[PDB]
Amino acid sequence: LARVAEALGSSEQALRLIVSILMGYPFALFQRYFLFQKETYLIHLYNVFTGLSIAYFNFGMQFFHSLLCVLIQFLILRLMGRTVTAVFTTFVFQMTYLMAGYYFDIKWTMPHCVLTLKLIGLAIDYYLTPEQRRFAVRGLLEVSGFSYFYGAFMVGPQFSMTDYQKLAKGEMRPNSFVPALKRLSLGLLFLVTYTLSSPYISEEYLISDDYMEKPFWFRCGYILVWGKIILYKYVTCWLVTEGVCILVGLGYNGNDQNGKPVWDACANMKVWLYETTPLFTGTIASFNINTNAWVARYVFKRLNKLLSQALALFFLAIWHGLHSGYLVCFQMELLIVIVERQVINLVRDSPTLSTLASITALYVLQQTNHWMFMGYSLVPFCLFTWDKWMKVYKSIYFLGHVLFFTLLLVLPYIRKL
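For reference, each letter of the sequence shown is one residue, going 42 to 145, 152 to 174, 183 to 194, 198 to 230, 237 to 367, 372 to 430, 435 to 489 in the entry's author numbering.
Have a look at this one:
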């Protein structure tokens, strides 16, 4: 039971989560053939009975929490309807219930932060642009089934209700097992990388006084290797989680010009592009493309774009808010990423400095700076506490904070040089 969680290397709860995500596949062996089944109320009943069992198996307490939010949300589907208050109360209540969970390692708030976004998204869908005219829904079991879907429950991607009901019917396409193997084999490849790296390079090492004053160059060097190997826990649990999502048929975006079907519908990653990438505007734009696209659809699209940027990323700090740490992380995308784009336009688009720096002559150095850019930003994540976060930040001479601002004052004068 617990000896399996100690034998490989990972945490005790981490084994119960990987078992839960891998449990998606034998459960997707029923939507293999019983999906073409004429009865649709049986499909909704499968997701509830599986999702409630998955929630109970991982944590006994959560089964009531999610269920309570689900019944209260379809109560705001009866009352209020699409009157504007309904969006205001859903946004507040869901975050009020969510933030209560944090105030009261792998807690029951793991699938709860997912359904919070799934129910807020449902409210705006129940409430136009070419995307909005499609994503909007028309007109009990529907809300319960959509929330408890086994493929995307613990950390899975948000899926449009309109598109979810489609899965019960025609999934909006040919059934396949070959792409499912692709995201599973690549998903397990990163699991081997994580389980082997995590013990010889850990978090508690950053706060440990041992050697944490000796090198300076390796002081930042450890921060480059770490926060590149730690985020692989998310990577493995988004590729194996997509593997079940695509096996059912939900993973299919559509088809292309050659008739070949598309697979990037609920794809929360793009590996060749989130790695081997010199410019991290690609990586940070959307490492969790779905988690990033949701905010870009229901927060940024709904929201004066200049004043929207701060309030949209502030919602991501209301999303968890464990310590000031998670807030300091979202003020990195609105920091280095906006500065990185300024250096992108500094070259090829300036009448002073770009002229000489536009050419092919004017790779490894950029990536080395960009992996450092990630680590420094992931430091106030994992270790979120004020005393832990400040400890390693002051020990590394606060380089990221100084360099970004140093670039920010000098940069507009380089545009003149």
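Ideal placement from N, C-alpha and C gives every residue a C-beta, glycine not left out.
Taking the alpha-carbon positions, what's the residue i to residue j distance?
| i | j | result |
| --- | --- | --- |
| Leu430 | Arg409 | 17 Å |
| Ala210 | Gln216 | 7 Å |
| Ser350 | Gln114 | 29 Å |
| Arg189 | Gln223 | 13 Å |
| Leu169 | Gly228 | 20 Å |
| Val359 | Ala380 | 7 Å |
| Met219 | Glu186 | 14 Å |
| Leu390 | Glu268 | 18 Å |
| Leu109 | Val201 | 12 Å |
| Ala425 | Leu402 | 26 Å |
| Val436 | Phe344 | 13 Å |
| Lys246 | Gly307 | 8 Å |
| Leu58 | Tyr173 | 32 Å |
| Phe470 | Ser240 | 50 Å |
| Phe364 | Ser205 | 23 Å |
| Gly323 | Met230 | 15 Å |
| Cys309 | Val396 | 33 Å |
| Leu481 | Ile294 | 33 Å |
| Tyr208 | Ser249 | 20 Å |
| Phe75 | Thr81 | 10 Å |
| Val45 | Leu63 | 15 Å |
Between which two residues does the alpha helix (DSSP H) harbouring residue i extend?
| i | result |
| --- | --- |
| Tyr66 | 65-68 |
| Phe134 | 126-144 |
| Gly291 | Neither: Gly291 is in no alpha helix (DSSP H) and is coded neither H nor E. |
| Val335 | 335-338 |
| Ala425 | 422-425 |
| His388 | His388 -> no alpha helix (DSSP H), and no H or E assigned at all. |
| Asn352 | First-last for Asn352: undefined, no H or E at that position. |
| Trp458 | 458-467 |
| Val161 | 156-173 |
| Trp327 | Where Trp327 is concerned, there is no enclosing alpha helix (DSSP H), given that its DSSP letter is neither H nor E. |
| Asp221 | 219-226 |
| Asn441 | 436-450 |
| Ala429 | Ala429 -> no alpha helix (DSSP H), and no H or E assigned at all. |
| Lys246 | 242-264 |
| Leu311 | 296-312 |
| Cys454 | Taken as a continuous stretch (DSSP letters only), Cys454 belongs to no alpha helix (DSSP H), as it is neither H nor E. |
| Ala43 | Premise fails: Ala43 is in no alpha helix (DSSP H) and is neither H nor E. |
| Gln410 | 406-414 |
| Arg487 | Careful: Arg487 lies outside any alpha helix (DSSP H) and carries neither H nor E. |
| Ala96 | 82-99 |
| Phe104 | 103-114 |
| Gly203 | 199-205 |
Which whole-angstrom value describes the C-beta separation of residue i and residue j, a residue pair presumed to lie in contact below a C-beta threshold of 8 Å?
| i | j | result |
| --- | --- | --- |
| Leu450 | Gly285 | So it is not a contact: roughly 15 Å between Cβ atoms. |
| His159 | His106 | 6 Å |
| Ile153 | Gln54 | 4 Å |
| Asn88 | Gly203 | 5 Å |
| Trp327 | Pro243 | 5 Å |
| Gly447 | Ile287 | 4 Å |
| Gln439 | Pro325 | 33 Å between Cβ atoms; not a contact. |
| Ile167 | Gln135 | 6 Å |
| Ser51 | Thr259 | 6 Å |
| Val213 | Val161 | 7 Å |
| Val312 | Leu252 | In fact, because the Cβ distance is near 19 Å, the residues do not count as touching under 8 Å. |
| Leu414 | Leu483 | 7 Å |
| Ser467 | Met157 | The Cβ separation is near 31 Å, so there is no contact. |
Please go through the same chain and pick out, in chain order, the residues whose beta-carbon is closer than 7 Å to the beta-carbon of residue i, but skip the five residues on each side of it.
| i | result |
| --- | --- |
| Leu367 | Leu379, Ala380 |
| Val464 | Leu270, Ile271, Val451 |
| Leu384 | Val359, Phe398 |
| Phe98 | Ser61 |
| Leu83 | none |
| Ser392 | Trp458 |
| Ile386 | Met136 |
| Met140 | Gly389 |
| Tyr362 | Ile167, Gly168, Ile171 |
Below 8 Å CB to CB, which residues in the same chain sit around residue i once its five sequence neighbours on both sides are set aside?
| i | result |
| --- | --- |
| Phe254 | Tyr296, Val299, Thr300, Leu303 |
| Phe104 | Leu93, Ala96, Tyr97 |
| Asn356 | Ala349, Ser350 |
Within the same chain, show all residues whose beta-carbon is closer than 6 Å to that of residue i, passing over the 5 residues directly before and after it, in chain order.
| i | result |
| --- | --- |
| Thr130 | none |
| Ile404 | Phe445, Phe476 |
| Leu164 | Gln216, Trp358 |
| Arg487 | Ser418 |
| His442 | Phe344 |
| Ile348 | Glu401, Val405 |
| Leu199 | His85 |
| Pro238 | none |
I'd like to know whether the C-beta of residue i is nearer than 8 Å to at least one C-beta of chain B.
| i | result |
| --- | --- |
| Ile265 | The structure shown contains no chain B; it is built from a single protein chain. |
Report yes or no: do the stretch 298-317 and the stretch 473-484 share at least 3 C-beta pairs separated by less than 8 Å?
no
For the pair the stretch 286-305 and the stretch 328-344, tell me if three or more CB-CB distances fall below 8 Å.
yes
Contact between the stretch 419-427 and the stretch 249-263: three or more CB pairs below 8 Å?
no
At a cut of 8 Å, does the stretch 114-123 reach the stretch 62-70 through at least three beta carbon pairs?
no
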